[PDB]
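Remarks on the structure that follows.
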Amino acid sequence: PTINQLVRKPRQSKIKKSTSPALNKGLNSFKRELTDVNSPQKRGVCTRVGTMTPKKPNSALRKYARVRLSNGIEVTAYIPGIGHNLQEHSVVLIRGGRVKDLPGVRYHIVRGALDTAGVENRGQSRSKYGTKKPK
Amino acid sequence: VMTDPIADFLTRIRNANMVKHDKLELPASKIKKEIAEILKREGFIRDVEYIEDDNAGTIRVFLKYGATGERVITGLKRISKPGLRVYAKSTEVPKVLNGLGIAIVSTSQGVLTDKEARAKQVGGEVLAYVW
Amino acid sequence: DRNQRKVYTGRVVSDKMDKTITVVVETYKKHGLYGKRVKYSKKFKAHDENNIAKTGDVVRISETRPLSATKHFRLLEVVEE
Amino acid sequence: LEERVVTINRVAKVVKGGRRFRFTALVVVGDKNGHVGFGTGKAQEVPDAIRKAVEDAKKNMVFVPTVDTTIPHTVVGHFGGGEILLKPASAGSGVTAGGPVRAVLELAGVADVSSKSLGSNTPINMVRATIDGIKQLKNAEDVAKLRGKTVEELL
Amino acid sequence: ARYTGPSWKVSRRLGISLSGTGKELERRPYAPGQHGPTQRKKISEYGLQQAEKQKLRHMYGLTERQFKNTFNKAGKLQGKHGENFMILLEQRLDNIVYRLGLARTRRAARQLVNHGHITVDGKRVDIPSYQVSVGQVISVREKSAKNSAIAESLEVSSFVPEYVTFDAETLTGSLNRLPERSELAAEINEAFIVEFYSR
Amino acid sequence: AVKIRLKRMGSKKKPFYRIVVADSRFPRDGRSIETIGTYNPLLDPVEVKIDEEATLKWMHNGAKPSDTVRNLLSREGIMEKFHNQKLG
RNA sequence: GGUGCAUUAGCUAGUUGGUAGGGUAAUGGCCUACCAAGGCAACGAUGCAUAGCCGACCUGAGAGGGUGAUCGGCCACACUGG
RNA sequence: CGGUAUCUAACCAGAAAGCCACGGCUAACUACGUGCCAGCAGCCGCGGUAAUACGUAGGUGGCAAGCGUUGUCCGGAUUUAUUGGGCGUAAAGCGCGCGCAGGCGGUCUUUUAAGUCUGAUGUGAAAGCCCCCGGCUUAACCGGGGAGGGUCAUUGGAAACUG
Ligand SMILES: [Mg+2]
Ligand SMILES: [Mg+2]
Ligand SMILES: [Mg+2]
Ligand SMILES: [Mg+2]
Ligand SMILES: [Mg+2]
Ligand SMILES: [Mg+2]
Ligand SMILES: [Mg+2]
Ligand SMILES: [Mg+2]
Ligand SMILES: [Mg+2]
Ligand SMILES: [Mg+2]
Ligand SMILES: [Mg+2]
Ligand SMILES: [Mg+2]
Ligand SMILES: [Mg+2]
Ligand SMILES: [Mg+2]
Ligand SMILES: [Mg+2]
Ligand SMILES: [Mg+2]
Ligand SMILES: [Mg+2]
Ligand SMILES: [Mg+2]
Ligand SMILES: [Mg+2]
Ligand SMILES: [Mg+2]
Ligand SMILES: [Mg+2]
Ligand SMILES: [Mg+2]
Ligand SMILES: [Mg+2]
Ligand SMILES: [Mg+2]
Ligand SMILES: [Mg+2]
Ligand SMILES: [Mg+2]
Ligand SMILES: [Mg+2]
Ligand SMILES: [Mg+2]
Ligand SMILES: [Mg+2]
Ligand SMILES: [Mg+2]
Ligand SMILES: [Mg+2]
Ligand SMILES: [Mg+2]
Ligand SMILES: [Mg+2]
Ligand SMILES: [Mg+2]
Ligand SMILES: [Mg+2]
Ligand SMILES: [Mg+2]
Ligand SMILES: [Mg+2]
Ligand SMILES: [Mg+2]
Ligand SMILES: [Mg+2]
Ligand SMILES: [Mg+2]
Ligand SMILES: [Mg+2]
Ligand SMILES: [Mg+2]
Ligand SMILES: [Mg+2]
Ligand SMILES: [Mg+2]
Ligand SMILES: [Mg+2]
Ligand SMILES: [Mg+2]
Ligand SMILES: [Mg+2]
Ligand SMILES: [Mg+2]
Ligand SMILES: [Mg+2]
Ligand SMILES: [Mg+2]
Ligand SMILES: [Mg+2]
Ligand SMILES: [Mg+2]
Ligand SMILES: [Mg+2]
Ligand SMILES: [Mg+2]
Ligand SMILES: [Mg+2]
Ligand SMILES: [Mg+2]
């Protein structure tokens, strides 16, 4: 563009898109409106516990959960590790991170932080999956 | 030449350098008069001749090539243009190729290079880079 | 030693009011990011004691105390009519 | 000479019976005094490809001017989709350059240069672009003789 | 001291003797671990620069958060960045005690400066990072200048570098001048440290 | 009630005051009119610095000192000079 | 001098100016009586959304981008309205 | 604050090290178990019977009283390009014209000083960044002096370029 063309109507850059849109929304009950607060974690109650099959070319049976957050937003999470104690109407803590195989999943349940517990007989990478020191 | 007589004068030289011409002529002016002389002083060209005409006269610039046919001028450009003028403060007068080139600045003490413009503690409008 | 006041100059634009005029002042600011000299134009109100001026004249105005709701300049002198 | 390989690429041509593979190796060769060159060679085994490139490279030497352990001024190389600007740096600052543009500056014997590749990042064109910039590079005594001046008068 | 662990395997992984000459590379001069007698590998540009930062900081045995901090304040000095960065390391209290011959190894000088056995200008110093200056009388506390360890560590020791003057009778020393980058081991390519901290 | 007093600086348990002239209203460490000197109460023979020309210029304009600064202006022989200043 | 929107184009009726007066520490449509019909806007008025402002802070080769927690200056507020 | 900082004496190596990574980007490897299962994943992508990519042990590598994960901002991103990009075929020339405002404008002389350059005076508080000194056993931290920072105001000059 000419300099004059760029004085009458300057340059406006593209805007960024958040990968975890349900984590930067807060709630307050009095005004019944959604607030704009960035938060590393949120907690909610899991309403459905089960599995689905991943997309090609993977073929395992992946465990998931359907939680209802503390701002009212309904999202789908993923349970890492081997074996979980989660049932319906359990209280879990959730965090960002998208699993590529599972289509709708965008969050990722943190283990050992709340009613959900750490994996049994874990020896390495043990701070993840939240299990204590064997010694 | 319709909006810049000075960019036309600069771009005639660059066009004639490429095909290794030995001479070019163009309509004259008072400011193109001063640029041609500055160049001659630093040995960028060989000589300048002025011709009287009916209206405004012309000017002939004798391009200089070293031995083995190696060009003396590597390139030119225009800095302050009608769509956007640039003026340089006394300490903002730039160095071109770490002094291996020159810059032509139009100070209040006439048209000068960047070498002696900052030796007089003056600034002005920056016209061109020649290296 | 006595302190001074700001003085401007410009063109009368309208005379449709009683005992006052409307001068316009133009200057060459530069744009913030591209550094191009752009025109700036802000127009004032001046106290015309006796309707001296006419539209399109060149006049000088000097600052005073607030004389009305908007006017706070006085007509100092006229140059070109 | 102190050759340094840059990239080894495995290309293929498909034939009526299938694909026939090959290896192309890019090599930069130079001595730390100020001469450097590059070459390429295609063969069917990696050690065979390298030998051809070194033999090819030793016939394309170019000279770099290195006033005060640095390049004289700043230049921008340009070859196809590859573009690279070189700028002198202060003494003791090391070589600040990318993958294949650093190879031709360390081999050439330069110590203090900064650069940045503004175009594509194909190794074959990031070496042509750097060598092109080396061409436009010229010392003070060389300019002084051309313009009929003295080195003292210029600076 | 701070790296309370084996010292031979640090040299073997890096490939140079951090404790004098050949003392820990006489037998098995290859990297530690299960492998090392098997084969070697090809070092990348990252591995070439990262293997020389580790040559310095394990030579003086100081942590990373302190290695980086002293690299920035050497960047405000006159001269060349890597040149200055290496004379500051030579100027810590540990090295100065080690240079004089009071200790066999820097891991012994550090455990000596730590406990207060040395005095600078008649005052106790309980810390090893004290950045000593030119012409400060480095001495030993007049309560333990008879210990067998320090006495056994002088005769069994080497000569003295030029930039330090030491009296075994008076147990005193001083930095006569700062070195000029040629006095030390100079086995480290200082340009790779400076390039590494700009990646 | 313009007056000259001390503004507390330095770290915890290591005070260092800065002799300043300010109103009686603005906060202890807040806005002031100008700074005159320093006063280090920790080392034994106290180190104090005074302008010697601004302070006298201020005491004439009604800027009464505080309790401690009067002592500091006493040992300096600068509050005696104000007494002879009025008599002369 | 420092913001987003035209998928917000007209806004204004003590509003713009004048003559006499009242009021205030003080000039002034600040308020009043009479006369007049002006004034602002594509150099963005009007409306909606959002936000306390700055010294400064983080990043960057720089030009810039993002922020206004701690400490200092100014403003505004004190359950909501007068 | 408070018998707090600091100092002196007697005896103990005795009470005081974890965290995640090891296909490549990226420093750093082999055994056993499982067999498109269980599972890993930031991207490329790994698991179907020899898995340096899943799980454990041995061994290594980066940090270290911390080490990782997640969220948010700048960088890399020349990916809004004034510095610093483009439009024949990759995204990108209005279907074409007449024209208001606006942007830009051939040669020479005299004059003005709005833009431009320059000298002096006033100011841009303290703290912060930076430079030079000094005090805590060093450092962080804390003191003293300075520098920088304005399309800033008043005032005096220059006349090459734009008006
Ligand atoms: Mg992006
Ligand atoms: Mg989105
Ligand atoms: Mg993620
Ligand atoms: Mg205005
Ligand atoms: Mg080109
Ligand atoms: Mg191109
Ligand atoms: Mg190398
Ligand atoms: Mg620490
Ligand atoms: Mg530097
Ligand atoms: Mg730096
Ligand atoms: Mg005392
Ligand atoms: Mg703001
Ligand atoms: Mg009145
Ligand atoms: Mg009033
Ligand atoms: Mg009316
Ligand atoms: Mg109207
Ligand atoms: Mg309009
Ligand atoms: Mg509103
Ligand atoms: Mg609101
Ligand atoms: Mg608000
Ligand atoms: Mg950048
Ligand atoms: Mg900045
Ligand atoms: Mg900003
Ligand atoms: Mg905050
Ligand atoms: Mg608060
Ligand atoms: Mg105010
Ligand atoms: Mg207030
Ligand atoms: Mg109030
Ligand atoms: Mg309340
Ligand atoms: Mg013992
Ligand atoms: Mg893992
Ligand atoms: Mg892996
Ligand atoms: Mg594994
Ligand atoms: Mg281990
Ligand atoms: Mg380890
Ligand atoms: Mg950018
Ligand atoms: Mg984009
Ligand atoms: Mg551009
Ligand atoms: Mg493009
Ligand atoms: Mg499109
Ligand atoms: Mg197209
Ligand atoms: Mg067409
Ligand atoms: Mg049209
Ligand atoms: Mg027109
Ligand atoms: Mg003209
Ligand atoms: Mg003219
Ligand atoms: Mg300040
Ligand atoms: Mg601050
Ligand atoms: Mg000190
Ligand atoms: Mg400080
Ligand atoms: Mg200071
Ligand atoms: Mg004149
Ligand atoms: Mg003239
Ligand atoms: Mg004149
Ligand atoms: Mg015009
Ligand atoms: Mg003119």
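As shown in the structure tokens, the chain order sets the letters A, B, ...; within each chain, residues go from 1, and ligands are also counted from 1 in the order they appear.
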Discussion item. Please return as a ChimeraX atom specification the residues found within 8 Å of ligand 43, counting only C-alpha atoms (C1' of nucleotides) and all ligand atoms.
Written reply: /H:94,96-97
Write out as a compact mmCIF listing (two decimals) with C-alpha atoms, in the first residue's frame each polymer residue whose atoms come within 12 Å of region 3-9 of chain D, counting only C-alpha atoms (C1' of nucleotides); drop sequence neighbours fewer than 5 positions from it.
```
# COMPACT_ATOMS: atom_id res chain seq x y z
CA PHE D 21 16.92 -44.56 -4.92
CA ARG D 22 19.99 -42.34 -4.72
CA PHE D 23 21.79 -40.08 -2.25
CA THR D 24 22.66 -36.42 -2.76
CA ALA D 25 25.21 -34.89 -0.38
CA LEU D 26 25.92 -31.18 0.08
CA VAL D 27 29.45 -30.31 1.21
CA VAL D 28 31.16 -27.03 2.11
CA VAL D 29 34.96 -26.88 1.81
CA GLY D 30 37.38 -24.17 2.83
CA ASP D 31 40.44 -23.23 4.81
CA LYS D 32 40.34 -20.80 7.68
CA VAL D 36 35.56 -21.21 0.84
CA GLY D 37 33.50 -23.15 -1.69
CA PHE D 38 30.57 -25.51 -1.91
CA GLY D 39 29.68 -28.48 -4.08
CA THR D 40 27.13 -31.22 -4.60
CA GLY D 41 27.28 -34.80 -5.80
CA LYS D 42 24.82 -37.63 -6.45
CA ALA D 43 25.66 -41.32 -6.14
CA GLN D 44 24.17 -44.60 -4.90
CA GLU D 45 25.93 -44.79 -1.52
CA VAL D 46 26.55 -42.11 1.09
CA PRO D 47 30.38 -42.37 1.12
CA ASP D 48 30.36 -42.27 -2.69
CA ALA D 49 28.20 -39.13 -2.77
CA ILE D 50 30.46 -37.25 -0.36
CA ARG D 51 33.62 -37.87 -2.39
CA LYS D 52 32.08 -36.37 -5.53
CA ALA D 53 30.97 -33.23 -3.68
CA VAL D 54 34.42 -32.60 -2.21
CA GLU D 55 36.01 -33.00 -5.64
CA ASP D 56 33.41 -30.69 -7.17
CA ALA D 57 33.71 -28.16 -4.33
CA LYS D 58 37.48 -27.68 -4.66
CA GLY D 98 21.62 -20.61 11.11
CA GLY D 99 22.36 -24.13 9.96
CA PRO D 100 23.98 -24.01 6.51
CA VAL D 101 24.88 -20.31 6.60
CA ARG D 102 27.09 -20.92 9.65
CA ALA D 103 29.05 -23.65 7.86
CA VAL D 104 30.27 -21.29 5.15
CA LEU D 105 31.22 -18.62 7.70
CA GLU D 106 33.17 -20.85 10.08
CA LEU D 107 35.00 -22.57 7.21
CA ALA D 108 35.77 -19.21 5.59
CA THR D 122 16.25 -24.93 1.77
CA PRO D 123 19.91 -25.80 2.45
CA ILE D 124 20.89 -25.74 -1.23
CA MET D 126 20.87 -20.92 1.79
CA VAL D 127 24.41 -21.67 0.59
CA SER E 44 25.62 -32.11 16.76
CA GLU E 45 26.01 -28.34 16.87
```
Based on only C-alpha atoms, which of the residues in chain D come within 7 Å of chain B? I want them as a PyMOL selection string. chain D and resi 73-74+140+146-148+155
Please report, as a PyMOL selection string, each residue of chain F to which DSSP assigns helix (DSSP H, G or I) when run on this structure's backbone.
-> chain F and resi 54-60+67-75+80-87
Serialized selection, C-alpha atoms, as a PDB file, in the first residue's frame:
```pdb
ATOM      1  CA  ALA F  54      18.635  26.105  51.730  1.00  0.00           C
ATOM      2  CA  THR F  55      17.923  25.371  55.399  1.00  0.00           C
ATOM      3  CA  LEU F  56      18.532  28.969  56.449  1.00  0.00           C
ATOM      4  CA  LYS F  57      16.440  30.072  53.474  1.00  0.00           C
ATOM      5  CA  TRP F  58      13.642  27.862  54.803  1.00  0.00           C
ATOM      6  CA  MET F  59      13.823  28.716  58.510  1.00  0.00           C
ATOM      7  CA  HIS F  60      13.262  32.361  57.584  1.00  0.00           C
ATOM      8  CA  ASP F  67      12.624  17.610  67.499  1.00  0.00           C
ATOM      9  CA  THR F  68      15.578  15.598  66.195  1.00  0.00           C
ATOM     10  CA  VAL F  69      16.505  17.846  63.257  1.00  0.00           C
ATOM     11  CA  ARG F  70      16.966  20.681  65.752  1.00  0.00           C
ATOM     12  CA  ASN F  71      19.746  18.646  67.369  1.00  0.00           C
ATOM     13  CA  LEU F  72      21.312  17.949  63.969  1.00  0.00           C
ATOM     14  CA  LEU F  73      21.119  21.627  63.058  1.00  0.00           C
ATOM     15  CA  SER F  74      22.689  22.431  66.440  1.00  0.00           C
ATOM     16  CA  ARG F  75      25.905  20.393  66.251  1.00  0.00           C
ATOM     17  CA  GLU F  80      23.353  29.370  65.844  1.00  0.00           C
ATOM     18  CA  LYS F  81      23.950  31.143  62.531  1.00  0.00           C
ATOM     19  CA  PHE F  82      20.198  31.697  62.277  1.00  0.00           C
ATOM     20  CA  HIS F  83      20.199  33.418  65.681  1.00  0.00           C
ATOM     21  CA  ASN F  84      22.990  35.820  64.722  1.00  0.00           C
ATOM     22  CA  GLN F  85      21.214  36.213  61.377  1.00  0.00           C
ATOM     23  CA  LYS F  86      18.138  37.785  62.981  1.00  0.00           C
ATOM     24  CA  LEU F  87      20.086  40.003  65.385  1.00  0.00           C
TER      25      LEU F  87
END
```
* **All residues 10 Å or closer to residue 59 (chain G), only C-alpha atoms (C1' of nucleotides), same chain fewer than 2 positions away omitted, as a ChimeraX atom specification** => /G:65-66 /H:73-75
Problem - Computed interatomic separation between CA of residue 46 (chain C) and atom 1 (Mg, counted along the ligand's line) of ligand 14 (Å) - result: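 The value is 23.0 Å.
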**Message:** For residue 68 (chain C), find every residue with an atom within 10 Å (counting only C-alpha atoms (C1' of nucleotides)), except residues of its own chain fewer than 5 positions away, and show them as a count of residues only.
**Reply:** 6
Nearest to ligand 38, chosen from C:21, C:7, C:34, C:29, with only C-alpha atoms and all ligand atoms counted in the distances:
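Using only C-alpha atoms and all ligand atoms, ligand 38 sits closest to C:34.
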For chain A, the closest of C:32, C:58, C:70, C:63 counting only C-alpha atoms is C:32
- With a distance threshold of 8 Å and counting only C-alpha atoms (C1' of nucleotides), extract the residues of chain A near chain H and express them as a ChimeraX atom specification. /A:4,11-14,38-41,58-60,81-82,95-97,99-100,123,125,127-128
Point to revise | Spatial neighbours of region 11-25 of chain E, max dist 12 Å, only C-alpha atoms (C1' of nucleotides), sep filter under 6 positions, as a ChimeraX atom specification | key: /E:31-33,35-36,40,47-48,50-61,98,104-108,157-158,184-188 /H:27-28,60-61
Correct to one decimal, the distance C1' of residue 67 (chain G)-atom 1 (Mg, counted along the ligand's line) of ligand 3 is 24.7 Å
**Item:** At most 9 Å from ligand 30 (only C-alpha atoms (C1' of nucleotides) and all ligand atoms): residue list as a list in words
**Value:**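 So, counting only C-alpha atoms (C1' of nucleotides) and all ligand atoms, the residues near ligand 30 are residues 11, 12 and 13 of chain H.
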Would you mind exporting the chosen residues as a PDB file, in the first residue's frame, restricted to C-alpha atoms (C1' of nucleotides)?
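Final output, saved to again-v9.pdb:
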```pdb
ATOM      1  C1'   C H  11      32.050 -33.768  71.080  1.00  0.00           C
ATOM      2  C1'   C H  12      29.898 -36.102  66.429  1.00  0.00           C
ATOM      3  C1'   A H  13      30.454 -37.677  59.305  1.00  0.00           C
TER       4        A H  13
END
```
